[PDB]
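Notes for the one structure printed next.
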Amino acid sequence: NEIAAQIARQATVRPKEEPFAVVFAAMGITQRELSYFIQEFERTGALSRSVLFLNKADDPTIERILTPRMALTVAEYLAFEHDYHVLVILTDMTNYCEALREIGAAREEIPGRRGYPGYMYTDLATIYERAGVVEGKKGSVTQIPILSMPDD
Amino acid sequence: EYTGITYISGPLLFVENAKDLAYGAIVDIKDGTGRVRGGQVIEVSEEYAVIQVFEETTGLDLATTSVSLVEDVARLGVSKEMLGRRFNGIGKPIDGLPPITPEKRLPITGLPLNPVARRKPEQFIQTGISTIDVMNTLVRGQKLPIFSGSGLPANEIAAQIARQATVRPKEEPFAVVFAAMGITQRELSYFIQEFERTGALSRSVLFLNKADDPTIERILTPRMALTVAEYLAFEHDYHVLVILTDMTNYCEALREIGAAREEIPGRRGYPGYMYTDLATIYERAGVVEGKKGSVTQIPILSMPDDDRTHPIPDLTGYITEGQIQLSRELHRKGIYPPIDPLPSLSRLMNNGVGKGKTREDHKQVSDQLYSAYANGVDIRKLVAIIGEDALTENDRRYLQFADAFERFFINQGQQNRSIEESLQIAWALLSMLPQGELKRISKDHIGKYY
Amino acid sequence: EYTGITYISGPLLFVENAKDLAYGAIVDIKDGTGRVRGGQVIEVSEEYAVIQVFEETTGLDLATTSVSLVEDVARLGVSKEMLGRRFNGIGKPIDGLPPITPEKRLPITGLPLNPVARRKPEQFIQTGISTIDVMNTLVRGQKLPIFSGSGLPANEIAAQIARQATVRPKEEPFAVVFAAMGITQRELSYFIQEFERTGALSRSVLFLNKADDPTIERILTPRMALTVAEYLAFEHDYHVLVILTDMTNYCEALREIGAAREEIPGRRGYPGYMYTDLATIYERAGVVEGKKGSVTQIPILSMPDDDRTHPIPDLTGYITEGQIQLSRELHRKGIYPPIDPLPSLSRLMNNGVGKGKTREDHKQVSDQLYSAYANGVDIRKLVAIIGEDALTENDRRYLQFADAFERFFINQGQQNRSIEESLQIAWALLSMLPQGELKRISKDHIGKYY
Amino acid sequence: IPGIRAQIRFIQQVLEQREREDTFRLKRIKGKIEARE
Amino acid sequence: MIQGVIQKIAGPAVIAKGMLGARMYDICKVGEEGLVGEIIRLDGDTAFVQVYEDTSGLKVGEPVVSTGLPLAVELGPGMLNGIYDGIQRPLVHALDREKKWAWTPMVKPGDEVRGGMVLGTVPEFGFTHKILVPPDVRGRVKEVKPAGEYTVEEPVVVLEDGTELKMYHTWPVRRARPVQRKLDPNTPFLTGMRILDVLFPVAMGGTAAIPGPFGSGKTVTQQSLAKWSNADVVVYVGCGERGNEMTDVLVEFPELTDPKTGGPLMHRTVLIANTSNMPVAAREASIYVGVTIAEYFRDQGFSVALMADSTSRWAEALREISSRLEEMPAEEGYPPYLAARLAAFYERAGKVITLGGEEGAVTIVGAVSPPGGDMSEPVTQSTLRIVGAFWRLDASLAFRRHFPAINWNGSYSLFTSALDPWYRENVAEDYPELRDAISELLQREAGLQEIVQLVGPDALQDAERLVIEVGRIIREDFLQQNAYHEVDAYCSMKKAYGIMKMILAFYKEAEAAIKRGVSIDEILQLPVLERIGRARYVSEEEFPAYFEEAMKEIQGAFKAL
Amino acid sequence: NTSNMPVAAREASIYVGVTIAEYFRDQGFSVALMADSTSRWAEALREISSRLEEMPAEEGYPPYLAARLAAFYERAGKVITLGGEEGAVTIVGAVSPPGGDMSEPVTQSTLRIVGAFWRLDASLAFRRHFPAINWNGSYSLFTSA
Amino acid sequence: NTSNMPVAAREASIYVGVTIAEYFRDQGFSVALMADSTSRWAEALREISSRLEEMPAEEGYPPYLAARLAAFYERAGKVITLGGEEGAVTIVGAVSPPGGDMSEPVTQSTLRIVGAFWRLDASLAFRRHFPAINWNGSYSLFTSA
């Protein structure tokens with residue numbers, strides 16, 4: 001998360017005719033972590049070129065599932081309609097997965113390996129498919145997803 | 001009041017009552033059978049129907065067959081005269097003697113008496129086995145499992161403790177309750193003969209459940225045994241030692257019916273309720289109100305497939321104050337008793353040792369032997385890796401200490417070692433180590449005892 | 001009589017009949033299809049509905065679609081004229097010739113004829129392969145599996161035996177039944193061409209099931225083959241050799257439907273019934289009543305993932321009288337045939353060897369070669385541990401013997417070795433060992449044969 | 001010493017063989033009980 | 001509708017039946033087609049029946065009738081040389097109704113009798129059959145046949161003025177035959193195989209599991225035991241048959257000979273087949289039918305061996321019936337009920353004091369066939385927990401041509417102390433000490449071979465090389481036995497100890513010579529060694545002469561120094 | 001939380017405790033909440049869920065076994081109480097996997113929430129190294145804090 | 001066969017291609033069918049199967065895959081088209097195991113069907129030996145053919 005925050009502060013597209021923006025999305029974070037991320041964006045002036053989405057651990061599980069989709073939609077809008085090179089930072093995909101997995105049981109599915117949802121790869125594909133150069137070739141969407149190893 | 005069977009699937013029988021439903025746990029009696037056939041109520045299904053579990057085979061039952069409610073669960077014919085008798089899992093005579101003449105008739109689930117005090121286990125139980133008394137002392141009120149595996153002499157140890165156990169100068173009388181579950185006819189004949197020949201039977205109540213006895217009778221066996229123990233301890237003020245072999249076999253029977261009961265299985269095919277049924281047995285131990293008596297348990301937990309992580313043995317660990325874990329590998333090296341010295345623990349050991357109990361150096365000696373044996377065992381691995389000759393002089397001493405610990409301390413030629421005898425052997429073997437390497441023994445003890 | 005589909009899930013189709021239910025095993029025909037679509041009745045569900053298994057895809061079926069009952073299962077058009085023809089898994093021509101003109105129409109499950117006698121397998125089948133005839137002799141009535149793995153030439157061996165096998169002076173005629181299951185079009189074209197070119201086809205019935213043929217046709221293939229063999233053996237008094245490749249592929253198809261049939265899976269995802277279906281195939285072998293004929297099996301069992309402990313190959317071992325196990329490791333060392341000399345056995349071998357059968361020294365020579373080869377193979381490990389130069393003179397001879405056994409006895413330059421030829425090579429290689437080291441050959445044989 | 005790592009290596013892979021594959025006939029059996037029920 | 005019923009539905013292997021109001025749970029029922037089934041589920045409006053055969057031969061409306069039995073068996077003259085199946089019937093009756101047997105009265109009118117008492121003798125097949133008062137029958141013999149010839153159905157005696165007794169009797173295979181007491185394991189079941197009799201003894205009336213993967217030689221141990229063990233009668237439940245293992249035994253065993261007499265082994269055997277086309281029900285009941293027949297012969301005062309091919313397949317047949325009855329699947333989908341049942345089976349084993357005194361026994365040898373090397377459930381796991389003995393055929397020992405292929409490191413028996421006194425009193429005073437010493441040898445070898453696997457054999461001292469030398473002689477000259485040799489096929493108790501003392505004496509002399517700086521290479525090529533290697537083939541005591549031949553030869557090595 | 005007590009009570013026990021804990025921190029006290037253990041609380045909850053016929057998942061645990069547990073640990077923290085003043089609730093939760101497996105319920109979900117883990121090591125204990133905390137497998141995200 | 005496409009489409013892609021391939025060979029053309037790859041096709045199929053609640057096996061793959069994959073490769077071959085003339089479809093399929101494991105799905109089942117295997121070797125590539133085909137681990141069952 002320190003690496004993710006540092007990239008958010010520092011990233012640029014060196015001489016590009018296009019403006020640069022960051023979309024930073026955090027999922028299932030503590031109140032302490034949320035306060036820290038906020039303070040960091042505000043103090044450094046990184047906030048001026050960033051949209052930040054923060055989902056807390058105690059926020060509804062459905063809100064966590066929607067978080068990366070809000071973030072990717074904002075990135076695609078800025079890139080396509082405003083011609084920007086947008087960098088999207090998503091932490092942590094494993095925490096997103098813990099929430100999606102949490103509901104698969106309530107949804108009536110037979111579980112797959114390790115207790116996961118049988119649909120793990122085709123939901124995750126809806127997020128990793130959303131990246132690349134946008135039409136016009138003035139903008140683009142880049143992703144830096146964080147994947148923590150459960151149990152390493 | 002009478003009911004009629006509406007469904008039969010193996011051990012599970014549904015029974016409909018037109019008047020008065022029998023409460024959960026009541027014993028019902030099937031009419032029209034050559035031998036008594038008990039059905040224990042397990043659930044109220046709705047529509048005046050209850051779901052039950054049979055204590056014997058259900059072959060020959062017909063829909064509509066009549067059933068009566070006995071008005072109570074199965075029960076214990078409680079009396080001091082329980083001592084000196086051998087009974088079945090249900091408390092029926094196996095010794096050709098008359099049925100027990102009850103002083104009181106007690107429910108067996110653990111609800112009767114409310115005997116336990118909110119006081120910690122304390123004071124010595126002399127098993128007569130050095131590897132228990134000296135290093136992993138059994139205390140009055142404790143639950144100290146024997147942890148073993150198939151092929152190992154866990155039952156020989158259980159029988160030996162039953163013969164030998166006492167509470168050395170206690171104002172209170174001492175009794176043993178020995179319960180065996182799912183044993184062969186040969187094993188039953190052996191246990192009987194042993195109790196009768198030694199005169200151990202005089203101070204013991206023995207419950208024997210055979211492999212071919214009803215599965216429900218096996219489930220009731222530990223409850224008959226614990227109820228007798230609580231009665232003797234609370235109403236007669238006795239220090240009672242309960243020996244239960246084998247908890248894994250009890251579990252195989254309870255597991256066997258969970259399927260017939262309609263539950264979704266849990267890990268390894270076990271009943272989802274494994275830990276809250278097992279808790280009803282391990283909760284029943286400790287000092288009793290008045291502090292004249294106590295109930296102590298020595299449950300045997302054999303590893304299925306030698307796997308100590310199987311849910312049965314694994315959930316049993318929390319119910320104990322002392323654990324003695326036996327290992328096949330150790331038994332195959334000819335070390336008996338085949339106790340794993342780095343996996344046997346005394347949760348309550350510190351409460352039964354030191355000055356005025358055993359001896360002041362007991363904790364230090366136990367700590368040093370455990371540390372040296374564990375290092376010595378790891379060095380057996382290092383010898384395999386590098387070769388014997390490449391081992392340092394210091395490591396060679398620890399390697400040798402592990403053999404000395406196994407040959408002289410673990411191994412007993414059947415023999416009742418006093419704690420003084422056990423500490424002496426401990427100090428004798430410790431001499432093999434450099435004195436400079438006794439990190440866990442304060443200098444005060446080295447000067448006084450080395 | 002006609003029915004209507006009430007449910008469709010993959011290969012399983014439920015069908016309701018208003019009049020006359022079709023009995024289990026009857027073949028039903030779906031109306032309104034471009035290509036014939038058979039449904040085999042598997043169960044009676046109750047309420048005039050049966051549960052069936054489709055012999056081809058069910059895409060395009062609709063609820064209410066009509067179905068007729070053919071009045072019978074599926075069957076074998078039995079005749080001596082089966083010899084010289086190539087057929088599908090279902091016994092339909094593949095050779096552009098007319099359909100078989102039946103002398104009798106036989107059920108194929110094994111119920112027809114009741115052909116087997118309660119007599120032990122006996123007498124020689126000359127395969128023409130030295131590693132079978134000399135060391136692991138095939139006997140009339142035996143089940144002797146070829147044990148192999150993916151990439152190995154098991155099918156080349158199977159085809160070679162089909163070309164070469166005979167019953168040397170027998171008063172009885174000899175025939176081959178060759179059945180292939182789940183093979184490619186290329187493999188089918190190859191097998192056909194081989195039988196036709198060599199003139200092996202004259203004394204053989206060939207059943208070929210392709211990978212893309214219906215799974216049910218693959219299941220029926222070994223049953224068509226065994227029924228033809230039993231007919232030729234019992235009604236025509238022939239010694240028949242049945243070659244079935246590959247049993248593992250048969251199993252993959254049977255396993256494929258077990259899921260569609262609603263069963264809880266067993267180990268490794270297999271059908272729970274694996275061993276009692278497989279038993280219906282390995283039970284069908286032995287001398288037939290009259291003792292003029294016999295049915296012998298050579299089933300091919302490829303190790304899935306090269307694992308001989310997989311439930312399929314592992315359950316097949318009990319159905320055999322001789323096993324030839326092929327190993328990838330050996331094949332990769334360039335030793336062909338890639339037979340593991342310490343895992344190939346003759347269960348009924350002792351019944352087909354000795355004076356009046358092969359030669360009096362056969363058992364002794366076989367025992368000595370097996371012992372020396374096993375020692376030699378272990379010494380390859382010892383060479384790796386210590387180095388070649390550190391091996392004793394005696395061990396070096398055993399090391400060398402293992403190479404000699406592989407180079408000269410196992411390896412054949414395609415070549416029909418008589419048992420006399422095979423014993424001669426055996427004695428020639430044995431000379432490499434010190435005579436004082438021939439522990440398993442009595443002195444009488446050394447003097448006479450060395 | 002590369003004898004250690006050698007045949008003893010066969011060691012780790014019959015060991016590893018034995019169960020990420022065995023442990024799996026199993027996560028899936030139990031599914032299978034009320035996965036099937 | 002009390003004694004009969006009518007099929008409501010059939011498919012999915014369960015027949016639902018209307019009626020059968022008096023049927024018992026687990027009773028065999030009969031369909032009009034001739035198939036049998038087992039009553040599994042008793043419900044308020046139907047009986048669910050497991051069909052022991054193909055269900056297409058069953059249709060809705062078909063008549064079903066009770067048999068009244070969980071099952072039964074006929075027990076009288078005509079059992080020997082007979083070949084039956086899972087439910088006893090020629091490979092249909094059971095005992096010939098026409099065959100005449102010479103009955104010899106062994107009781108006079110006025111005698112008081114009890115169940116198990118011997119009233120007559122029949123030389124049906126030498127063997128002498130012993131006619132007993134059926135269990136649960138006592139009183140006074142009011143009438144008894146004279147020495148003559150009679151068929152089975154004839155009445156040979158009346159008791160309490162009218163119970164009528166014949167030469168045969170029936171018994172529920174599912175119920176273990178009664179006995180006064182199951183004596184503690186005391187007498188060894190002399191196998192004749194050195195490794196077994198010495199290291200992993202089986203007691204008469206003991207339960208010793210045979211376990212290992214497919215093709216390790218499990219059945220073969222059983223067959224050799226029958227050809228040579230000291231049981232008068234054998235009850236072979238040749239279950240898990242397939243491909244042709246049925247016909248392999250059908251016309252084969254009828255030729256196998258009794259090494260002891262030189263007559264057919266079937267003449268003292270009862271076969272119980274369990275083929276794949278047979279319903280799970282029949283194979284399930286096969287061990288119970290066999291054990292009951294086994295208990296019947298021990299009641300006469302015979303020591304019988306019960307060989308169970310195998311229980312893995314019996315548990316698979318039972319799991320099929322249970323799943324069809326919709327009982328909750330557990331581990332590997334097996335029903336919860338199996339462990340208690342399997343144990344109950346093995347509990348019926350034992351040497352007893354039969355009704356009316358006399359001693360007899362049933363020793364059980366059960367085959368173990370795990371799904372594939374896993375050696376877990378069903379078979380192995382539950383079995384190895386009951387049985388007191390386990391002889392582990394080892395495929396690696398087999399590939400190495402070490403026979404019998406019994407792993408002396410992984411096998412175990414407890415009865416060792418139980419039978420030691422029989423050996424000490426009747427065979428040799430040093431039986432126990434000798435087998436303990438040999439086992440310590442084998443134990444030491446195992447440890448040495450593990451180390452050598454690491455550091456190689458070059459560093460080995462002469463003392464350690466000697467232990468491997470003698471350890472190897474124990475394995476090759478003792479443990480390994482040739483079932484195919486006319487002599488070594490059976491090894492009498494007297495021969496077993498004599499060979500043991502030749503080996504142990506060679507050991508002592510070997511260690512003694514080394515201690516005096518005799519080269520091990522000199523001992524390894526000692527002439528007597530080759531004779532010790534062929535000792536198992538000698539049928540005369542010329543074997544104990546080898547001890548003196550060993551001592552003088554070592555002296556010739558003490559001479560040369 | 002004894003075995004004779006309904007799954008309901010043991011389930012509610014952590015919530016009753018945390019509320020009492022939050023109550024004392026409101027006064028301006030630093031309180032420690034020690035939870036013996038959550039493995040048994042999740043078993044009591046699985047019993048209630050299965051009886052309610054909720055769909056079983058991994059190890060037969062209900063799907064609502066991760067969001068709840070997280071919600072519990074979220075109530076931990078040092079705060080500026082109503083009317084100023086500072087107080088805190090520190091949580092130490094025991095982890096007891098079914099047996100060494102260290103998967104579900106307890107461990108898995110917990111180790112993902114908690115910021116600190118002190119791994120008692122049975123091998124460190126047998127070796128008489130106390131406290132038996134494995135300095136290689138334990139972790140805290142508070143070192144810099 | 002992109003990631004945003006349903007598992008269904010990618011599953012059908014090899015069948016659509018093979019049919020088009022068979023169509024051109026019918027004209028009397030020799031066509032090459034190159035399948036990037038079947039590992040991803042089996043992952044798309046496992047997703048569909050698990051969603052349909054079919055029983056997972058090894059690596060959670062459905063039992064049905066081996067027969068299907070084989071059926072695909074069986075449609076390869078040089079034929080005498082309808083109305084005489086010869087044409088052919090040669091298949092070259094890419095193998096991408098989950099990661100070096102080279103087990104299931106892809107590799108294992110495929111290497112059992114295919115007659116040819118060209119093993120690109122990363123060590124041969126690093127050594128700048130091109131083509132990076134391992135001449136020791138590659139094989140063709142057509143040499144004699």
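Chain lettering (A, B, ...) mirrors the order of the structure tokens, residue numbering begins at 1 for each chain separately, and ligand numbering begins at 1 in order of display.
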Name the residues of stretch 320-433 of chain B that fall into strand (DSSP E) according to DSSP on the backbone, using the chain letters and numbers of this document, as a PyMOL selection string.
-> chain B and resi 322-325+345-346
Write to file, as a compact mmCIF listing (two decimals), in the first residue's frame, the residues of the selection just made, with C-alpha atoms.
# COMPACT_ATOMS: atom_id res chain seq x y z
CA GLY B 322 -2.63 -33.58 31.04
CA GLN B 323 -2.00 -35.21 27.66
CA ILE B 324 0.20 -38.29 27.05
CA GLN B 325 0.73 -38.67 23.26
CA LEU B 345 1.93 -31.63 28.06
CA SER B 346 0.70 -30.84 31.55
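A least-squares superposition of chain B on chain C, with Cα atoms paired in sequence order, returns an RMSD value of 0.6 Å.
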Chain A residues near chain D (9 Å cut-off, only C-alpha atoms) as a VMD selection string = chain A and resid 110 to 115
Using only C-alpha atoms, please write the residues we just selected to a file, as a compact mmCIF listing (two decimals), in the first residue's frame.
# COMPACT_ATOMS: atom_id res chain seq x y z
CA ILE A 110 -21.93 -25.03 -5.47
CA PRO A 111 -18.49 -23.85 -4.29
CA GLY A 112 -15.34 -24.35 -6.39
CA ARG A 113 -11.74 -24.96 -5.19
CA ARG A 114 -10.75 -23.43 -1.85
CA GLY A 115 -14.33 -22.47 -1.15
Which of stretch 166-352 of chain C DSSP labels helix (DSSP H, G or I), written as JSON, numbers by chain = {"C": [185, 186, 187, 188, 189, 190, 191, 192, 193, 194, 195, 196, 197, 198, 200, 201, 202, 203, 215, 216, 217, 218, 219, 220, 221, 222, 223, 224, 225, 226, 227, 228, 229, 230, 231, 232, 233, 234, 235, 247, 248, 249, 250, 251, 252, 253, 254, 255, 256, 257, 258, 259, 260, 267, 268, 269, 274, 275, 276, 277, 278, 279, 280, 281, 282, 304, 305, 306, 311, 312, 313, 314, 315, 316, 317, 318, 319, 328, 329, 330, 331, 332, 349, 350, 351]}
Spatial neighbours of stretch 53-70 of chain F, 6 Å, only C-alpha atoms, chain gap at least 2 places, as a PyMOL selection string = (chain A and resi 102-103+105-106+115) or (chain F and resi 46+49-51+72-73)
Selection above as a file: C-alpha atoms, as a compact mmCIF listing (two decimals), in the first residue's frame:
# COMPACT_ATOMS: atom_id res chain seq x y z
CA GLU A 102 -18.75 -14.12 0.86
CA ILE A 103 -22.00 -13.77 -1.16
CA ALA A 105 -22.61 -18.94 -0.72
CA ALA A 106 -25.72 -16.87 0.00
CA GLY A 115 -14.33 -22.47 -1.15
CA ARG F 46 -22.77 -22.44 11.77
CA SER F 49 -27.35 -21.23 10.31
CA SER F 50 -27.65 -24.85 9.29
CA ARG F 51 -30.70 -25.20 11.58
CA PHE F 72 -16.62 -7.05 15.08
CA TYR F 73 -12.91 -6.22 14.80
Check: which chain B residues lie within 9 Å of chain D using only C-alpha atoms, as an MDAnalysis selection string | chainID B and resid 264:269 385
Counting only C-alpha atoms, chain C residues within 7 Å of chain G, as a ChimeraX atom specification | /C:150,184-185,211-212,256,269
Would you write out those residues with N, CA, C and O atoms, as a PDB file, in the first residue's frame?
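Contents of the output file part_37.pdb:
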ATOM      1  N   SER C 150       0.884 -43.876 -21.415  1.00  0.00           N
ATOM      2  CA  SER C 150       0.803 -43.007 -22.608  1.00  0.00           C
ATOM      3  C   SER C 150       2.193 -42.809 -23.238  1.00  0.00           C
ATOM      4  O   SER C 150       3.181 -42.650 -22.527  1.00  0.00           O
ATOM      5  N   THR C 184      -8.513 -43.042 -32.664  1.00  0.00           N
ATOM      6  CA  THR C 184      -8.588 -42.027 -33.738  1.00  0.00           C
ATOM      7  C   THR C 184      -8.910 -42.698 -35.086  1.00  0.00           C
ATOM      8  O   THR C 184      -8.669 -43.896 -35.273  1.00  0.00           O
ATOM      9  N   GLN C 185      -9.321 -41.881 -36.048  1.00  0.00           N
ATOM     10  CA  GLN C 185      -9.562 -42.337 -37.431  1.00  0.00           C
ATOM     11  C   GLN C 185      -8.279 -42.899 -38.068  1.00  0.00           C
ATOM     12  O   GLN C 185      -8.293 -43.946 -38.692  1.00  0.00           O
ATOM     13  N   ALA C 211     -13.102 -42.596 -31.222  1.00  0.00           N
ATOM     14  CA  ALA C 211     -13.200 -41.576 -30.158  1.00  0.00           C
ATOM     15  C   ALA C 211     -14.503 -40.758 -30.236  1.00  0.00           C
ATOM     16  O   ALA C 211     -15.142 -40.520 -29.225  1.00  0.00           O
ATOM     17  N   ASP C 212     -14.941 -40.494 -31.477  1.00  0.00           N
ATOM     18  CA  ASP C 212     -16.161 -39.705 -31.716  1.00  0.00           C
ATOM     19  C   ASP C 212     -17.457 -40.510 -31.862  1.00  0.00           C
ATOM     20  O   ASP C 212     -18.532 -39.940 -32.007  1.00  0.00           O
ATOM     21  N   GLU C 256     -17.543 -41.020 -17.584  1.00  0.00           N
ATOM     22  CA  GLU C 256     -18.219 -39.856 -18.183  1.00  0.00           C
ATOM     23  C   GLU C 256     -19.739 -39.872 -17.943  1.00  0.00           C
ATOM     24  O   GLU C 256     -20.385 -38.815 -17.837  1.00  0.00           O
ATOM     25  N   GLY C 269     -12.819 -39.066  -8.698  1.00  0.00           N
ATOM     26  CA  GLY C 269     -13.923 -38.736  -9.611  1.00  0.00           C
ATOM     27  C   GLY C 269     -14.564 -39.927 -10.271  1.00  0.00           C
ATOM     28  O   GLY C 269     -15.521 -39.724 -11.022  1.00  0.00           O
TER      29      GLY C 269
END
Pick out the chain B residues within 8 Å of chain E. Count only C-alpha atoms. Give them as a PyMOL selection string.
-> chain B and resi 5-10+58-64+150-151+182+184-186+189-190+211-212+215+252-253+255-260+262+265+268-270+305+384+387
Selected residues written out, C-alpha atoms, as a PDB file, in the first residue's frame:
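This is the output file selection18.pdb:
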ATOM      1  CA  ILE B   5     -44.089 -46.098  13.966  1.00  0.00           C
ATOM      2  CA  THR B   6     -44.676 -44.086  10.776  1.00  0.00           C
ATOM      3  CA  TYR B   7     -41.188 -44.524   9.224  1.00  0.00           C
ATOM      4  CA  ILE B   8     -38.029 -46.625   9.567  1.00  0.00           C
ATOM      5  CA  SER B   9     -34.627 -45.986   7.962  1.00  0.00           C
ATOM      6  CA  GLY B  10     -31.812 -47.990   9.590  1.00  0.00           C
ATOM      7  CA  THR B  58     -34.540 -52.210  13.544  1.00  0.00           C
ATOM      8  CA  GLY B  59     -34.975 -55.320  11.350  1.00  0.00           C
ATOM      9  CA  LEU B  60     -38.549 -56.666  11.673  1.00  0.00           C
ATOM     10  CA  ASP B  61     -40.161 -53.325  12.551  1.00  0.00           C
ATOM     11  CA  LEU B  62     -43.390 -52.605  10.649  1.00  0.00           C
ATOM     12  CA  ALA B  63     -45.217 -49.306  10.080  1.00  0.00           C
ATOM     13  CA  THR B  64     -47.982 -48.981  12.687  1.00  0.00           C
ATOM     14  CA  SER B 150      -3.842 -48.188  16.291  1.00  0.00           C
ATOM     15  CA  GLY B 151      -1.464 -51.005  17.308  1.00  0.00           C
ATOM     16  CA  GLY B 182     -16.892 -50.869  20.895  1.00  0.00           C
ATOM     17  CA  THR B 184     -14.308 -57.212  20.977  1.00  0.00           C
ATOM     18  CA  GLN B 185     -15.601 -60.188  23.018  1.00  0.00           C
ATOM     19  CA  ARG B 186     -11.949 -61.212  23.561  1.00  0.00           C
ATOM     20  CA  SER B 189     -13.242 -61.185  28.606  1.00  0.00           C
ATOM     21  CA  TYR B 190      -9.677 -59.926  29.203  1.00  0.00           C
ATOM     22  CA  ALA B 211     -18.578 -53.695  19.049  1.00  0.00           C
ATOM     23  CA  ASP B 212     -21.830 -55.552  18.235  1.00  0.00           C
ATOM     24  CA  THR B 215     -24.682 -47.960  18.553  1.00  0.00           C
ATOM     25  CA  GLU B 252     -17.376 -43.516  15.003  1.00  0.00           C
ATOM     26  CA  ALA B 253     -20.792 -44.505  16.407  1.00  0.00           C
ATOM     27  CA  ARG B 255     -20.812 -40.201  13.363  1.00  0.00           C
ATOM     28  CA  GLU B 256     -22.553 -43.350  12.074  1.00  0.00           C
ATOM     29  CA  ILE B 257     -26.001 -41.967  13.047  1.00  0.00           C
ATOM     30  CA  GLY B 258     -25.533 -38.334  12.029  1.00  0.00           C
ATOM     31  CA  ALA B 259     -26.073 -39.455   8.470  1.00  0.00           C
ATOM     32  CA  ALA B 260     -29.281 -41.287   9.350  1.00  0.00           C
ATOM     33  CA  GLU B 262     -30.525 -35.940   8.077  1.00  0.00           C
ATOM     34  CA  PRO B 265     -21.870 -33.634   6.955  1.00  0.00           C
ATOM     35  CA  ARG B 268     -13.999 -35.676   6.986  1.00  0.00           C
ATOM     36  CA  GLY B 269     -17.573 -36.895   6.909  1.00  0.00           C
ATOM     37  CA  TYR B 270     -18.125 -36.092  10.601  1.00  0.00           C
ATOM     38  CA  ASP B 305      -5.082 -43.300  10.498  1.00  0.00           C
ATOM     39  CA  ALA B 384      21.290 -38.185   8.789  1.00  0.00           C
ATOM     40  CA  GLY B 387      26.976 -37.994   9.059  1.00  0.00           C
TER      41      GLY B 387
END
Show me a table, sorted first by chain and then by increasing residue number, of the residues of chain A having an atom at most 9 Å from chain F, each with its shortest atom pair and the distance in Å to one decimal, counting only C-alpha atoms and written as a tab-separated table.
residue	atom	partner	partner_atom	distance
A:30	CA	F:74	CA	7.1
A:31	CA	F:74	CA	8.1
A:32	CA	F:77	CA	8.8
A:57	CA	F:70	CA	6.6
A:58	CA	F:71	CA	5.3
A:59	CA	F:71	CA	8.8
A:60	CA	F:67	CA	8.2
A:61	CA	F:67	CA	7.1
A:95	CA	F:112	CA	8.7
A:98	CA	F:66	CA	7.8
A:99	CA	F:67	CA	7.5
A:101	CA	F:63	CA	7.8
A:102	CA	F:63	CA	4.9
A:103	CA	F:63	CA	5.7
A:104	CA	F:63	CA	7.0
A:105	CA	F:63	CA	4.7
A:106	CA	F:63	CA	5.4
A:107	CA	F:55	CA	8.3
A:108	CA	F:55	CA	6.4
A:109	CA	F:57	CA	8.6
A:110	CA	F:57	CA	7.7
A:111	CA	F:57	CA	6.4
A:114	CA	F:58	CA	7.4
A:115	CA	F:58	CA	4.6
A:116	CA	F:58	CA	8.0
A:150	CA	F:112	CA	8.0
A:151	CA	F:108	CA	7.9
